[PDB]
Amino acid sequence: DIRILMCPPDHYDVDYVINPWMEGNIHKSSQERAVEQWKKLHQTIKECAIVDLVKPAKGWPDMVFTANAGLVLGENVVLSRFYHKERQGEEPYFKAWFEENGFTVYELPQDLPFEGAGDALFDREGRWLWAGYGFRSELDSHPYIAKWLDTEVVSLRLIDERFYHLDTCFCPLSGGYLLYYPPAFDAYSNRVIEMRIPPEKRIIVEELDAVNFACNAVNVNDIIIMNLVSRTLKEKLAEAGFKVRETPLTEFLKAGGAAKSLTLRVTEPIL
């Protein structure tokens, strides 16, 4: 069974600016359109996986972005500790959901930021965990995660403020494929990626797709769900065996997130 956690946009707005996509967008989201877009995404994901919901909290508009609730492996979750006070109030609500749903929760020190699956994505065969740092999660959190979850952690440094979470520019896929935007990473981190993923398994995104959040994609088996995709990228994905489903998420891009950011896979098998 594959299960994905989402959180509906009952209280969604753009109320502050903590990433560059939010600049100029305060109160520019339409709550009604956001509901419509989220409902279409929810339906599309539910066609591929079970969807669980956590009740949203008023005053925490970014709670829709459940990718940042924590990092799940098996029965364990490393709870996120947000870098910004504007999201720290989500933490007790996410903790309560994990506890109520049978997970055993690990908490980092309150001074050590780490933003969950948004910044840390497993290689889909379970060989290691790719973990971003540079804007939200601290590099020093990576050894904690490695030990708590008994996984090798491969740290990747983000260098572009637009691509401030790993999942905005990097997406492990089924079959060992990796969908990513190399310019979001420094040279050393690109070499680290390249050492592990050979060219035939790389699906390299160009900037025009990256800025439409193409890497912020939900992949269940051979299905990939995203906001918008160029024909060029759709054909590359089709050639690699994936079926692309697009669903519009413009109201969430105003807050710096798209399809993947609105999801957390809570069934991450031990392999």
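Quick note: we count residues from 1 along the sequence shown, nothing fancier.
- The mean Cα B-factor in the deposited entry runs higher for 78-86 than for the other of 178-186 and 78-86.
- The PDB entry records a higher mean C-alpha B factor for 33-41 than for its counterpart among 33-41 and 61-69.
- Sorting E194, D123, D111, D167 by the CA temperature factor given in the entry leaves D111 at the top.
- Note on the listed residues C171, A96, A131, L158: the highest Cα temperature factor in the record is that of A96.
- Ranked against the other modelled residues of its chain, the C-alpha B-factor of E152 as given in the entry falls in the middle third.
- Sorting the modelled residues of the chain by their CA temperature factor places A117 in the lowest third.
- Residue-level temperature factors show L5 in the lowest third of its chain, judged at the C-alpha atom.
- Among all modelled residues in its chain, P20 ranks in the middle third by Cα B-factor.
- When the CA B factors of the chain's modelled residues are split into thirds, the value for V266 lands in the middle one.
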